[PDB]
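Please read the structure below before turning to the comments.
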Amino acid sequence: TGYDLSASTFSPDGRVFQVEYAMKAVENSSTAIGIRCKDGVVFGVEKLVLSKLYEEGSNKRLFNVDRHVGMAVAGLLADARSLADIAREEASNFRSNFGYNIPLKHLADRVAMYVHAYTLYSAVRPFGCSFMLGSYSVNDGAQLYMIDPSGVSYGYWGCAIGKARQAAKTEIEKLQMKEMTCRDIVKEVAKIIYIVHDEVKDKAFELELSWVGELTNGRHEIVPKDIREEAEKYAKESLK
Amino acid sequence: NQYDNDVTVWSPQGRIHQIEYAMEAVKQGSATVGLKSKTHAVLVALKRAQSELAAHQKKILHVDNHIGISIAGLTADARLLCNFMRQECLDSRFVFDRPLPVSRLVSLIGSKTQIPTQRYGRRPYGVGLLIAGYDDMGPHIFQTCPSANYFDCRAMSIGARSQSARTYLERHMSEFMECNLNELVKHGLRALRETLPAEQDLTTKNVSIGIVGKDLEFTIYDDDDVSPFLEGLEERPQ
Amino acid sequence: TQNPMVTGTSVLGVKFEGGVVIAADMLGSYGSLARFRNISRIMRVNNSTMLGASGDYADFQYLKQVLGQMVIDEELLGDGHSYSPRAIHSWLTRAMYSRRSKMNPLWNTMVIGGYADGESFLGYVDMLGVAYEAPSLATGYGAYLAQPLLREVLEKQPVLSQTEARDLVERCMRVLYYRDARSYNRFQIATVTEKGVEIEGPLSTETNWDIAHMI
Amino acid sequence: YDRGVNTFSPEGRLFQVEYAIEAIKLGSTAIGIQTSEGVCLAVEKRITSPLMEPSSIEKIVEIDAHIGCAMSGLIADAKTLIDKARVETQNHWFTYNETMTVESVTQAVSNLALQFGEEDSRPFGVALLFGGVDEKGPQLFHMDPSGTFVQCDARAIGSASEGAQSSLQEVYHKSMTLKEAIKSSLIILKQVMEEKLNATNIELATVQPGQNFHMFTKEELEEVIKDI
Amino acid sequence: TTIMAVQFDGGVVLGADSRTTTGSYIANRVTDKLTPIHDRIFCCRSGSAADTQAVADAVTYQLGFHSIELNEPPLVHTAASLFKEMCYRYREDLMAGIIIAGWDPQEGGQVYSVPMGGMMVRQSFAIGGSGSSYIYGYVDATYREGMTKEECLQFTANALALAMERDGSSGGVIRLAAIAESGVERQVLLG
Amino acid sequence: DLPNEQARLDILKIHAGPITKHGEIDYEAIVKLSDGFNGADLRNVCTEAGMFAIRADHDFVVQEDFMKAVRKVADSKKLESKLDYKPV
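Residue numbers (the entry's author numbering), protein chains in the order written: chain M, 5 to 244; chain L, 4 to 241; chain T, 1 to 215; chain K, 8 to 127, 134 to 241; chain N, 1 to 191; chain E, 302 to 389.
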């Protein structure tokens with residue numbers, strides 16, 4: 005006892021338990037994945053509807069930090085909105101100061117040093133949020149970064165965050181990043197977001213998809229989920 | 004239970020207990036029901052009193068020319084987020100010379116009540132807001148929580164035994180969209196008459212009803228302009 | 001700024017049916033010298049509003065930066081709302097006046113024109129915080145030279161077409177090329193509509209010099 | 008287990024506010040009654056010994072001319088709220104040139120009923142009774158340490174609260190007059206006190222639109238008790 | 001004093017005089033007016049000397065730290081935005097005649113101007129200092145789009161020869177610098 | 302200690318034993334998903350994947366349903382792997 009309470013105390017085996025408890029706090033939240041193609045970044049978040057709870061489009065875990073950068077948060081939600089406001093403000097500082105649009109590398113550093121900066125004191129608690137960062141610029145290419153509650157930021161071609169995490173990142177190695185256009189990769193996400201999280205746990209669900217890349221011309225926005233409706237047209241035909 | 008101490012300490016299960024205990028402070032407040040149409044928003048509360056002689060403690064308080072909020076739980080913190088609510092309304096009313104839409108107001112409540120849920124020695128706010136107003140795209144019914152997670156619903160209810168209000172609302176959510184005010188309100192407080200035991204009224208001296216509309220500024224009625232609404236309801240079944 | 005270093009000149013603007021046309025000229029000046037020949041004194045704000053400016057140009061790049069950020073904020077909210085030009089005019093007034101109150105002013109004179117709800121808007125913000133709405137606005141020596149043509153025509157027939165409005169600004173820029181010492185023979189026309197903000201290219205005026213024979 | 012001074016309960020509410028409510032129970036009693044003519048009010052001084060001078064003890068201080076008060080529990084905590092509530096009434100009068108209403112006083116106190124913490134110590138241990146006559150008539154009010162402020166028509170507090178309320182709904186109606194209520198309080202007081210009721214134990218306080226002011230002097234109370 | 005900055009196809013050409021005037025006395029004949037912020041980005045400074053030295057050193061600091069933190073080559077507009085911020089934020093005291101110029105891999109040759117007011121604008125050719133008022137006319141007529149480097153160095157050579165010739169403040173010796181991908185070549189001509 | 306790569310194919314051959322599967326297969330997907338496991342635990346993974354065959358009423362199973370039963374059960378064992386630290 006006594007080694008798990010505060011964040012600033014090492015445990016005798018040599019790890020920090022508040023950080024380890026922060027890692028598996030995101031483990032209870034629902035699955036949200038991401039993947040990049042050769043010219044764009046595709047997001048997808050499965051969202052939970054039990055009976056009535058909310059109007060369609062409530063508390064969307066897809067955010068929009070800059071003109072060309074977006075979030076895909078999973079875990080506890082309020083601190084994820086706090087990181088959305090802070091990363092928003094950091095893009096405002098870089099945009100105001102140095103005159104050009106923020107690269108995804110500096111944004112990953114300046115956010116990840118804050119997420120780390122709340123794991124050094126017993127003033128605060130470590131965050132309980134993990135989020136994706138997708139972007140595209142013609143002098144940059146599509147990058148996809150992944151920030152955990154511990155503060156580690158690095159780069160995937162594809163990732164997954166949630167309960168069904170390993171099962172939802174098992175199948176991504178079947179897909180090919182290098183050749184595919186992202187317009188395929190939309191339904192190529194929605195097929196396994198429909199496949200993972202089988203409906204015995206929760207009766208119903210609802211899907212969000214957000215898509216930035218070359219076709220949207222740098223601007224990040226949600227795809228019109230009604231428009232082309234490619235998800236469930238493949239997904240009801242993907243059970244057999 | 005040594006990790007039930009403060010807001011800083013995470014659980015070994017991943018559930019920060021001070022937030023759960025503050026949700027328990029939400030459930031101890033009285034019932035209130037907010038529900039919208041496509042053209043209006045109605046939130047109805049139920050007062051309780053300390054004794055017979057003391058007047059019933061009010062819930063619905065006026066905030067802006069279109070924004071109104073219910074409450075359950077603590078009262079002083081409701082005055083605190085009330086004063087912050089007024090001040091962030093008339094800030095942008097002072098600067099931009101337009102009223103604020105609701106959907107960017109509530110992010111100031113989340114980013115306002117966030118920091119007292121993280122740093123040491125700061126309690127969360129025992130709070131029960133049911134926000135209602137107009138932006139240009141119609142009505143909205145939100146709710147808050149001490150964990151600062153705001154939900155865009157079509158109808159909710161928070162307070163003591165408010166789950167019965169929900170299980171009333173789900174079998175009428177397909178019919179709570181087109182109808183105008185006079186049956187929308189009584190469709191509101193039928194959920195309140197299911198939040199009570201079935202052997203006492205449903206009086207006139209306790210229920211308060213607030214409506215926000217397009218050609219109708221946000222208005223609170225109190226027992227006597229309420230008395231034209233409570234007339235003509237069905238009897239509680241055997 | 002107590003002393004304006006690199007200044008501009010007059011900005012014009014008028015309502016018409018279905019939008020507001022605003023046209024400044026692309027000169028930057030430095031005292032007597034016409035030093036910078038190719039600058040843009042008109043900022044195309046997002047979809048439904050439009051800004052021109054006179055006076056100091058550096059403070060105009062400052063408000064270009066600040067408005068450039070503050071539009072992108074509500075662009076990234078994405079709730080479906082946006083700043084009406086009526087709402088931008090009030091902010092720009094309150095930001096001009098709160099800096100006026102500390103004796104550190106923004107040496108500018110600006111015209112905000114915008115088109116929302118089928119209602120053409122044309123507002124004015126001075127350096128000292130004066131703000132009003134009018135169907136025809138002119139800055140600098142435009143208030144002494146081109147404003148008489150605008151108030152000449154708008155008292156006779158108050159509604160205007162798009163071609164009459166675009167022609168009238170060409171006439172007033174002929175006058176402001178004639179009698180102003182710090183106005184250059186190269187100007188750009190910008191127009192908002194229900195379609196969106198559109199900036200025409202660096203046009204030119206034709207001149208009449210037939211009085212030079214009369215000695 | 009001295010934990011966070013600002014920590015919620017398992018029920019749960021504020022631990023230290025819930026502990027603060029029990030501090031009212033060992034304080035002295037009081038009785039307020041709202042009349043259509045005014046507000047009468049009663050308290051007991053609780054003389055501890057014949058050493059003490061009886062009339063220096065204050066349980067009623069009068070906030071404005073037209074807003075009375077009654078304190079309870081720990082008196083030295085109450086004096087701070089008295090002196091600052093007076094400043095808030097005067098600031099209302101010097102921005103506004105009108106009398107601060109009886110309602111907004113208790114918002115102006117109960118907005119800082121909860122300011123304890125470490126940054127930005135303990136909550137107050139008083140239960141006040143505010144009276145007074147604004148334009149809305151004679152109002153009778155009541156505030157707690159929690160700040161949960163409510164109108165009360167005829168409120169008791171303190172140690173005697175249970176028996177005084179419980180006995181007090183029996184003897185109250187809507188059309189009470191003043192001199193009926195004044196002798197209707199001292200019956201309850203002489204039931205609930207431990208010393209013999211006389212000229213040194215209690216003090217009354219009345220405030221009316223047309224009987225003002227009409228404060229609180231001795232030898233009125235001599236006529237008041239002898240009418241029993 | 002009299003500075004010069006012309007771009008061409010493969011990069012930019014800079015140039016300045018050296019003679020630094022304090023009062024009616026020359027306390028320094030030959031002086032590095034153009035200054036190496038980074039390996040591909042120059043500024044040549046005008047007006048007060050101490051102000052532009054402190055500003056160029058501070059921009060060298062911030063662009064150095066940022067340029068390492070990317071571990072990529074810096075854009076020229078990244079350098080120009082910092083002079084815009086420092087010159088604009090403190091315009092009540094500073095008198096900076098900075099002209100930022102340099103080749104870039106992403107965008108090619110660029111020349112930005114910063115006058116005393118603190119504004120920032122791109123030019124194809126730029127001129128500053130007190131002496132430039134006497135070569136406005138020659139740089140207007142002799143300039144033509146698409147000059148080669150061997151005509152640009154001749155062109156700024158004559159263009160500073162007139163300003164050093166006529167202005168009593170300007171003088172000393174011509175400093176030149178040609179910037180491209182191949183490397184900065186700094187040489188000293190006279191006449 | 303733990304085994305290594307291309308040595309995973311070695312310890313595999315002796316864990317084959319009685320349990321057999323489809324003709325065309327690659328066992329590397331099976332054992333790689335379970336790391337730091339008891340020899341009987343990997344032997345359980347082979348039987349757990351083989352007991353999923355009777356639900357599919359087939360003798361063998363494709364390796365797609367294999368990795369499902371392999372990954373799920375394996376990740377469930379890792380949460381129970383606490384207290385592996387031993388004093389020297």
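Backbone N, C-alpha and C define an ideal beta-carbon position, used for all residues, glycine too.
- Task: At 3 residues or longer, and completely inside the region 149-197 of chain K: list those beta strand (DSSP E) runs for me, N to C.
- Result: Qualifying beta strand (DSSP E) stretches, in chain order: 154-156.
- Task: Decide if residue 87 of chain K is buried, meaning its Cβ has at least 16 other Cβ atoms within 10 Å, or exposed.
- Result: exposed
- Message: 8 Å is my cut-off, CB to CB: does residue 20 of chain K come that close to chain L?
- Response: At a cut-off of 8 Å, the C-beta of residue 20 of chain K has a neighbouring C-beta in chain L.
- Strand pairing of residue 84 of chain L, partner residues [DSSP]: Paired residues: none, contrary to the question.
- Rounded C-alpha distance that separates residue 180 of chain K from residue 40 of chain K: 13 Å
- Query: Ordered along the chain, which non-local residues of its own chain (more than five positions away) have a Cβ less than 8 Å from that of residue 363 of chain E?
  - Reply: 323
- Determine which residues share a DSSP beta bridge with residue 149 of chain M and list them. M:137 and M:159
- Apart from the five residues on each side of it in sequence, which residues of its chain come closer than 7 Å, Cβ to Cβ, to residue 130 of chain K? Residue 130 of chain K cannot be placed in this structure, since chain K goes from 127 to 134 without the numbers between.
- Query: residue 34 of chain N to residue 11 of chain N, Cα distance in whole Å?
  - Reply: 16 Å
- Using beta-carbon positions only, say whether residue 123 of chain L and residue 127 of chain M come within less than 8 Å of one another. yes
- Message: Using a Cβ-Cβ cutoff of 9 Å, what residues of the region 66-84 of chain T are near chain L? List them in chain order.
- Response: From the region 66-84 of chain T, only 74, 77, 79, 80, 81, 83 and 84 have a Cβ closer than 9 Å to chain L.
- chain B contact for residue 104 of chain L (CB, 8 Å cutoff): The structure shown has no chain B; the protein chains it does contain are M, L, T, K, N and E.
- Query: residue 313 of chain E to residue 382 of chain E, Cα distance in whole Å?
  - Reply: 22 Å
- Task: Tell me, please, whether the region 211-228 of chain L touches the region 150-169 of chain T by the rule of three or more beta-carbon pairs shorter than 8 Å.
- Result: no
- Determine the contact status of residue 138 of chain N and residue 166 of chain N, defining contact as a CB-CB distance below 8 Å. no
- Task: List the residues of chain M whose Cβ lies closer than 7 Å to the Cβ of residue 386 of chain E, in chain order.
- Result: 17
- Message: Quick check on the burial criterion: 16 or more other C-beta atoms within 10 angstroms. Buried or exposed for residue 196 of chain T?
- Response: Its Cβ having fewer than 16 others within 10 Å, residue 196 of chain T is exposed.
- Taking C-beta pairs closer than 8 Å, name the residues in chain T that residue 115 of chain N reaches, listed in chain order. For residue 115 of chain N, the chain T residues whose C-beta falls within less than 8 Å of its own C-beta are 5, 6, 30 and 35, listed in chain order.
- Message: Taking 7 Å as the limit between beta carbons, can you name the residues of its chain near residue 180 of chain N, skipping five residues before and five after?
- Response: 10, 11 and 103
- Query: Whose CA, out of T:6, T:8, T:75 and T:16, lies closest to the CA of residue 191 of chain T?
  - Reply: T:16
- Task: Can you check the region 32-97 of chain M for any beta strand (DSSP E) of at least 3 residues that lies completely inside it and give the ranges in chain order?
- Result: Listed in chain order, the complete beta strand (DSSP E) runs (minimum 3 residues) inside the region 32-97 of chain M are 36-41, 44-53 and 73-79.
- Task: In the DSSP assignment, find the beta strand (DSSP E) that holds residue 204 of chain N and state where it starts and stops.
- Result: Shown here, chain N extends from 1 to 191; a query on residue 204 of chain N therefore has no answer.
- Spatially closest choice to residue 79 of chain T from M:213, M:19, M:202 and M:62, by CA coordinates: M:62
- Item | 8 Å Cβ cutoff met for residue 112 of chain K and residue 96 of chain K | yes
- Message: Against residue 16 of chain K, what residues of chain L qualify as contacts under a CB-to-CB distance less than 7 Å, listed in chain order?
- Response: 24
- Query: Where does residue 90 of chain T fall in DSSP's three states?
  - Reply: Reduced to three states, the DSSP call for residue 90 of chain T is helix.
- Query: Would residue 191 of chain M be called buried (16 or more neighbouring beta carbons within 10 Å of its own) or exposed?
  - Reply: buried
- Message: Taking the straight line between their C-alpha atoms, what separation do you get for residue 37 of chain K and residue 185 of chain K?
- Response: 16 Å
- In terms of residue numbering, what span does the beta strand (DSSP E) encompassing residue 98 of chain K cover? Counting along the chain, residue 98 of chain K falls outside any beta strand (DSSP E), though it belongs to the alpha helix (DSSP H) covering 82-103.
- In its own chain, which residues sit with a C-beta less than 6 Å from the C-beta of residue 106 of chain L, not counting the 5 before and 5 after it? none
- Proximal residues, the region 365-377 of chain E versus chain M, C-beta separation under 8 Å: 368, 369, 372, 373 and 376
- Query: Residues of chain T with CB under 9 Å from residue 109 of chain L, in chain order?
  - Reply: Ordered by position in chain T, no residue passes the 9 Å Cβ test against residue 109 of chain L, which lies about 11 Å from the chain.
- Would residue 32 of chain M count as contacting chain L if we go by Cβ distances under 8 Å? Yes, because at least one Cβ of chain L sits closer than 8 Å to the Cβ of residue 32 of chain M.
- Message: DSSP three-state label for residue 187 of chain N, please.
- Response: strand
- Is the distance from the Cβ of residue 193 of chain M to the Cβ of residue 46 of chain M below 8 Å? yes
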